[PDB]
>>> print(open('query_25.pdb').read())   # PDB, C-alpha atoms
MODEL        1
ATOM      1  CA  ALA A 103      10.920  -7.943   3.111
ATOM      2  CA  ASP A 104      11.204 -11.314   1.355
ATOM      3  CA  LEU A 105      11.492 -13.522   4.431
ATOM      4  CA  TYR A 106       9.516 -12.023   7.334
ATOM      5  CA  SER A 107       6.212 -10.961   5.787
ATOM      6  CA  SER A 108       3.463 -13.354   7.023
ATOM      7  CA  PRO A 109       1.044 -12.587   8.631
ATOM      8  CA  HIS A 110       2.290  -8.922   8.359
ATOM      9  CA  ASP A 111       3.962  -7.169   5.363
ATOM     10  CA  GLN A 112       7.186  -5.410   6.557
ATOM     11  CA  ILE A 113       7.304  -2.759   3.818
ATOM     12  CA  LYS A 114       3.680  -1.769   4.429
ATOM     13  CA  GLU A 115       4.223  -1.590   8.198
ATOM     14  CA  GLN A 116       7.306   0.613   7.783
ATOM     15  CA  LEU A 117       5.456   2.872   5.336
ATOM     16  CA  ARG A 118       2.470   3.209   7.681
ATOM     17  CA  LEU A 119       4.624   4.203  10.658
ATOM     18  CA  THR A 120       6.690   6.653   8.587
ATOM     19  CA  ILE A 121       3.525   8.256   7.184
ATOM     20  CA  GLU A 122       2.163   8.656  10.719
ATOM     21  CA  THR A 123       5.364  10.476  11.693
ATOM     22  CA  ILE A 124       5.107  12.686   8.593
ATOM     23  CA  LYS A 125       1.504  13.630   9.410
ATOM     24  CA  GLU A 126       2.493  14.591  12.958
ATOM     25  CA  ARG A 127       5.247  16.778  11.494
ATOM     26  CA  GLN A 128       2.680  18.383   9.175
ATOM     27  CA  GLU A 129       0.474  19.233  12.153
ATOM     28  CA  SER A 130       3.488  20.808  13.865
ATOM     29  CA  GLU A 131       4.333  22.819  10.735
ATOM     30  CA  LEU A 132       0.795  24.184  10.373
ATOM     31  CA  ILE A 133       1.327  25.942  13.727
ATOM     32  CA  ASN A 134       5.043  26.732  13.974
ATOM     33  CA  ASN A 135       6.246  27.236  10.382
ATOM     34  CA  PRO A 136       8.166  30.553  10.281
ATOM     35  CA  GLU A 137       6.628  31.818   7.015
ATOM     36  CA  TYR A 138       3.158  30.219   6.713
ATOM     37  CA  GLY A 139       2.452  29.217  10.323
ATOM     38  CA  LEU A 140      -0.498  30.571  12.283
ATOM     39  CA  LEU A 141       1.670  32.107  15.013
ATOM     40  CA  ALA A 142       3.760  33.929  12.409
ATOM     41  CA  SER A 143       0.668  34.914  10.415
ATOM     42  CA  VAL A 144      -1.228  36.600  13.268
ATOM     43  CA  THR A 145      -1.115  40.403  13.213
ATOM     44  CA  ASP A 146      -0.085  42.798  15.989
ATOM     45  CA  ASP A 147      -3.648  44.253  15.941
ATOM     46  CA  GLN A 148      -4.932  40.714  16.537
ATOM     47  CA  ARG A 149      -2.390  39.901  19.297
ATOM     48  CA  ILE A 150      -3.332  40.473  22.953
ATOM     49  CA  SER A 151      -1.837  39.614  26.340
ATOM     50  CA  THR A 152      -3.252  38.259  29.590
ATOM     51  CA  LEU A 153      -4.227  40.710  32.319
TER      52      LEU A 153
ATOM     53  CA  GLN E   7      40.823 -20.327 -60.055
ATOM     54  CA  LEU E   8      37.971 -21.912 -62.023
ATOM     55  CA  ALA E   9      35.069 -20.706 -59.867
ATOM     56  CA  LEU E  10      34.171 -18.736 -56.754
ATOM     57  CA  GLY E  11      35.881 -19.925 -53.589
ATOM     58  CA  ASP E  12      34.487 -21.057 -50.258
ATOM     59  CA  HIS E  13      36.110 -18.226 -48.288
ATOM     60  CA  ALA E  14      34.494 -15.569 -50.481
ATOM     61  CA  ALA E  15      31.147 -17.412 -50.707
ATOM     62  CA  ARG E  16      30.743 -17.625 -46.887
ATOM     63  CA  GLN E  17      30.423 -13.786 -46.653
ATOM     64  CA  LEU E  18      26.777 -14.147 -47.885
ATOM     65  CA  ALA E  19      26.049 -17.026 -45.543
ATOM     66  CA  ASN E  20      24.441 -16.978 -42.060
ATOM     67  CA  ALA E  21      26.309 -19.034 -39.408
ATOM     68  CA  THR E  22      24.412 -21.184 -36.922
ATOM     69  CA  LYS E  23      25.279 -19.755 -33.499
ATOM     70  CA  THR E  24      24.948 -21.686 -30.250
ATOM     71  CA  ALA E  25      24.225 -20.275 -26.834
ATOM     72  CA  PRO E  26      27.441 -20.090 -24.774
ATOM     73  CA  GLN E  27      28.462 -23.382 -23.176
ATOM     74  CA  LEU E  28      29.335 -23.519 -19.472
ATOM     75  CA  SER E  29      31.809 -26.184 -18.362
ATOM     76  CA  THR E  30      30.970 -25.999 -14.645
ATOM     77  CA  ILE E  31      27.388 -27.279 -15.045
ATOM     78  CA  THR E  32      26.811 -30.527 -13.130
ATOM     79  CA  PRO E  33      23.702 -32.730 -12.823
ATOM     80  CA  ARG E  34      23.297 -31.702  -9.140
ATOM     81  CA  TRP E  35      21.654 -34.967  -8.088
ATOM     82  CA  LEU E  36      21.268 -34.064  -4.401
ATOM     83  CA  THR E  37      18.900 -31.158  -5.078
ATOM     84  CA  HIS E  38      16.705 -33.421  -7.215
ATOM     85  CA  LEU E  39      16.723 -36.205  -4.618
ATOM     86  CA  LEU E  40      15.894 -34.031  -1.601
ATOM     87  CA  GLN E  41      12.332 -33.186  -0.581
ATOM     88  CA  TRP E  42      11.684 -29.443  -0.356
ATOM     89  CA  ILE E  43       9.325 -27.918   2.219
ATOM     90  CA  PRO E  44       7.942 -24.351   2.094
ATOM     91  CA  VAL E  45       8.305 -22.166   5.190
ATOM     92  CA  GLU E  46       5.713 -19.463   5.825
ATOM     93  CA  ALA E  47       7.995 -16.707   7.152
ATOM     94  CA  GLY E  48      11.546 -18.022   6.894
ATOM     95  CA  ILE E  49      11.497 -19.798  10.281
ATOM     96  CA  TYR E  50      11.409 -23.557  10.926
TER      97      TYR E  50
ENDMDL
END
>>> encode(input="query_25.pdb", output="structure tokens")
Amino acid sequence: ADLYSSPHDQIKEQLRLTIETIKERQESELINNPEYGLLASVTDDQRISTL
Amino acid sequence: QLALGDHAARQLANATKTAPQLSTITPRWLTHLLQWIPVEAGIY
């Protein structure tokens, strides 16, 4: 962090990439979370199958 | 004893205390003589 930070800040770059990964994980959780996910939340009356 | 002694009298007195002295300190002439150049990102 001290030595290799011009023209780019190393800590900020690492934080940005990690936050991107975290946001992708959040998108995954919104769908596949076992207790609050959409797929778990749908009801049997609202579930249908292809013909 | 005619009067109060120096050993007893010092208990009311504040000593002058120096910062600790370090024997290994040297003038370090070479650092003063050299010319120092800044590097942008640790590479030269």
>>> resolve_selection(input="query_25.pdb", expression="the ChimeraX specification (/E :<12) & /A", output="mmCIF file with C-alpha atoms, in the coordinates of the input")
data_model
loop_
_atom_site.group_PDB
_atom_site.id
_atom_site.type_symbol
_atom_site.label_atom_id
_atom_site.label_comp_id
_atom_site.auth_asym_id
_atom_site.auth_seq_id
_atom_site.Cartn_x
_atom_site.Cartn_y
_atom_site.Cartn_z
ATOM 1 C CA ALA A 103 10.920 -7.943 3.111
ATOM 2 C CA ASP A 104 11.204 -11.314 1.355
ATOM 3 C CA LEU A 105 11.492 -13.522 4.431
ATOM 4 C CA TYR A 106 9.516 -12.023 7.334
ATOM 5 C CA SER A 107 6.212 -10.961 5.787
ATOM 6 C CA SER A 108 3.463 -13.354 7.023
ATOM 7 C CA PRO A 109 1.044 -12.587 8.631
ATOM 8 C CA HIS A 110 2.290 -8.922 8.359
ATOM 9 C CA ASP A 111 3.962 -7.169 5.363
ATOM 10 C CA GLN A 112 7.186 -5.410 6.557
#
>>> axis_aligned_box(input="query_25.pdb", around="stretch 17-28 of chain E", padding_each_side="4 Å", output="JSON")
{"center_x": 27.3, "center_y": -18.7, "center_z": -33.7, "size_x": 14.2, "size_y": 17.7, "size_z": 36.4}
>>> atom_distance(input="query_25.pdb", atom1="atom CA of residue A:132", atom2="atom CA of residue A:151")
22.4 Å
>>> atom_distance(input="query_25.pdb", atom1="atom CA of residue A:152", atom2="atom CA of residue A:140")
19.1 Å
>>> decode(input="query_25.pdb", residues="stretch 115-143 of chain A", atoms="N, CA and C atoms", output="PDB file, in the first residue's frame")
ATOM      1  N   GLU A 115      -8.366  -0.252  -4.906  1.00  0.00           N
ATOM      2  CA  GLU A 115      -8.615  -1.254  -5.941  1.00  0.00           C
ATOM      3  C   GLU A 115      -9.070  -2.579  -5.334  1.00  0.00           C
ATOM      4  N   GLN A 116      -8.381  -3.028  -4.279  1.00  0.00           N
ATOM      5  CA  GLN A 116      -8.760  -4.274  -3.619  1.00  0.00           C
ATOM      6  C   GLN A 116     -10.173  -4.183  -3.055  1.00  0.00           C
ATOM      7  N   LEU A 117     -10.502  -3.052  -2.426  1.00  0.00           N
ATOM      8  CA  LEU A 117     -11.835  -2.871  -1.861  1.00  0.00           C
ATOM      9  C   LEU A 117     -12.900  -2.896  -2.952  1.00  0.00           C
ATOM     10  N   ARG A 118     -12.633  -2.237  -4.082  1.00  0.00           N
ATOM     11  CA  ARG A 118     -13.603  -2.208  -5.173  1.00  0.00           C
ATOM     12  C   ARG A 118     -13.877  -3.612  -5.701  1.00  0.00           C
ATOM     13  N   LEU A 119     -12.816  -4.388  -5.941  1.00  0.00           N
ATOM     14  CA  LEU A 119     -13.016  -5.741  -6.461  1.00  0.00           C
ATOM     15  C   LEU A 119     -13.745  -6.628  -5.452  1.00  0.00           C
ATOM     16  N   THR A 120     -13.379  -6.527  -4.169  1.00  0.00           N
ATOM     17  CA  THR A 120     -14.050  -7.325  -3.147  1.00  0.00           C
ATOM     18  C   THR A 120     -15.527  -6.958  -3.036  1.00  0.00           C
ATOM     19  N   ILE A 121     -15.845  -5.664  -3.137  1.00  0.00           N
ATOM     20  CA  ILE A 121     -17.236  -5.229  -3.049  1.00  0.00           C
ATOM     21  C   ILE A 121     -18.030  -5.723  -4.254  1.00  0.00           C
ATOM     22  N   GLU A 122     -17.404  -5.745  -5.435  1.00  0.00           N
ATOM     23  CA  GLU A 122     -18.068  -6.333  -6.598  1.00  0.00           C
ATOM     24  C   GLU A 122     -18.412  -7.799  -6.352  1.00  0.00           C
ATOM     25  N   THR A 123     -17.458  -8.560  -5.806  1.00  0.00           N
ATOM     26  CA  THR A 123     -17.729  -9.963  -5.496  1.00  0.00           C
ATOM     27  C   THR A 123     -18.870 -10.098  -4.488  1.00  0.00           C
ATOM     28  N   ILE A 124     -18.885  -9.231  -3.473  1.00  0.00           N
ATOM     29  CA  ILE A 124     -19.927  -9.292  -2.450  1.00  0.00           C
ATOM     30  C   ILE A 124     -21.297  -9.002  -3.055  1.00  0.00           C
ATOM     31  N   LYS A 125     -21.373  -8.030  -3.967  1.00  0.00           N
ATOM     32  CA  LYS A 125     -22.650  -7.716  -4.603  1.00  0.00           C
ATOM     33  C   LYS A 125     -23.144  -8.871  -5.471  1.00  0.00           C
ATOM     34  N   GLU A 126     -22.231  -9.540  -6.183  1.00  0.00           N
ATOM     35  CA  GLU A 126     -22.642 -10.729  -6.930  1.00  0.00           C
ATOM     36  C   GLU A 126     -23.181 -11.809  -5.995  1.00  0.00           C
ATOM     37  N   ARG A 127     -22.525 -12.003  -4.847  1.00  0.00           N
ATOM     38  CA  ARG A 127     -23.031 -12.968  -3.874  1.00  0.00           C
ATOM     39  C   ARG A 127     -24.410 -12.567  -3.357  1.00  0.00           C
ATOM     40  N   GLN A 128     -24.639 -11.266  -3.160  1.00  0.00           N
ATOM     41  CA  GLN A 128     -25.953 -10.809  -2.717  1.00  0.00           C
ATOM     42  C   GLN A 128     -27.025 -11.125  -3.753  1.00  0.00           C
ATOM     43  N   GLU A 129     -26.713 -10.909  -5.035  1.00  0.00           N
ATOM     44  CA  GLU A 129     -27.668 -11.270  -6.079  1.00  0.00           C
ATOM     45  C   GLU A 129     -27.969 -12.762  -6.054  1.00  0.00           C
ATOM     46  N   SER A 130     -26.941 -13.591  -5.853  1.00  0.00           N
ATOM     47  CA  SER A 130     -27.176 -15.031  -5.750  1.00  0.00           C
ATOM     48  C   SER A 130     -28.070 -15.368  -4.559  1.00  0.00           C
ATOM     49  N   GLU A 131     -27.828 -14.718  -3.418  1.00  0.00           N
ATOM     50  CA  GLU A 131     -28.599 -15.002  -2.210  1.00  0.00           C
ATOM     51  C   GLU A 131     -30.063 -14.616  -2.376  1.00  0.00           C
ATOM     52  N   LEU A 132     -30.333 -13.502  -3.061  1.00  0.00           N
ATOM     53  CA  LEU A 132     -31.720 -13.070  -3.230  1.00  0.00           C
ATOM     54  C   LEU A 132     -32.564 -14.126  -3.937  1.00  0.00           C
ATOM     55  N   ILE A 133     -31.936 -15.013  -4.698  1.00  0.00           N
ATOM     56  CA  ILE A 133     -32.640 -16.071  -5.415  1.00  0.00           C
ATOM     57  C   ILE A 133     -32.592 -17.395  -4.661  1.00  0.00           C
ATOM     58  N   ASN A 134     -31.416 -17.789  -4.169  1.00  0.00           N
ATOM     59  CA  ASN A 134     -31.214 -19.156  -3.698  1.00  0.00           C
ATOM     60  C   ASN A 134     -31.088 -19.298  -2.184  1.00  0.00           C
ATOM     61  N   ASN A 135     -31.342 -18.248  -1.408  1.00  0.00           N
ATOM     62  CA  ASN A 135     -31.223 -18.369   0.041  1.00  0.00           C
ATOM     63  C   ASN A 135     -32.293 -19.321   0.571  1.00  0.00           C
ATOM     64  N   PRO A 136     -31.932 -20.291   1.417  1.00  0.00           N
ATOM     65  CA  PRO A 136     -32.913 -21.316   1.818  1.00  0.00           C
ATOM     66  C   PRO A 136     -34.107 -20.783   2.598  1.00  0.00           C
ATOM     67  N   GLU A 137     -33.976 -19.658   3.304  1.00  0.00           N
ATOM     68  CA  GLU A 137     -35.051 -19.199   4.181  1.00  0.00           C
ATOM     69  C   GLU A 137     -35.745 -17.928   3.695  1.00  0.00           C
ATOM     70  N   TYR A 138     -35.042 -17.039   2.992  1.00  0.00           N
ATOM     71  CA  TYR A 138     -35.674 -15.846   2.433  1.00  0.00           C
ATOM     72  C   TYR A 138     -35.620 -15.773   0.910  1.00  0.00           C
ATOM     73  N   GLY A 139     -35.080 -16.786   0.235  1.00  0.00           N
ATOM     74  CA  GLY A 139     -34.974 -16.731  -1.209  1.00  0.00           C
ATOM     75  C   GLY A 139     -36.322 -16.842  -1.901  1.00  0.00           C
ATOM     76  N   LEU A 140     -36.358 -16.375  -3.152  1.00  0.00           N
ATOM     77  CA  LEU A 140     -37.593 -16.406  -3.932  1.00  0.00           C
ATOM     78  C   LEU A 140     -38.055 -17.838  -4.181  1.00  0.00           C
ATOM     79  N   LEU A 141     -37.119 -18.712  -4.564  1.00  0.00           N
ATOM     80  CA  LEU A 141     -37.466 -20.095  -4.874  1.00  0.00           C
ATOM     81  C   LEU A 141     -38.018 -20.812  -3.650  1.00  0.00           C
ATOM     82  N   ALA A 142     -37.469 -20.517  -2.471  1.00  0.00           N
ATOM     83  CA  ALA A 142     -38.003 -21.100  -1.245  1.00  0.00           C
ATOM     84  C   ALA A 142     -39.320 -20.445  -0.849  1.00  0.00           C
ATOM     85  N   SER A 143     -39.508 -19.175  -1.215  1.00  0.00           N
ATOM     86  CA  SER A 143     -40.679 -18.434  -0.759  1.00  0.00           C
ATOM     87  C   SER A 143     -41.922 -18.745  -1.584  1.00  0.00           C
TER      88      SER A 143
END
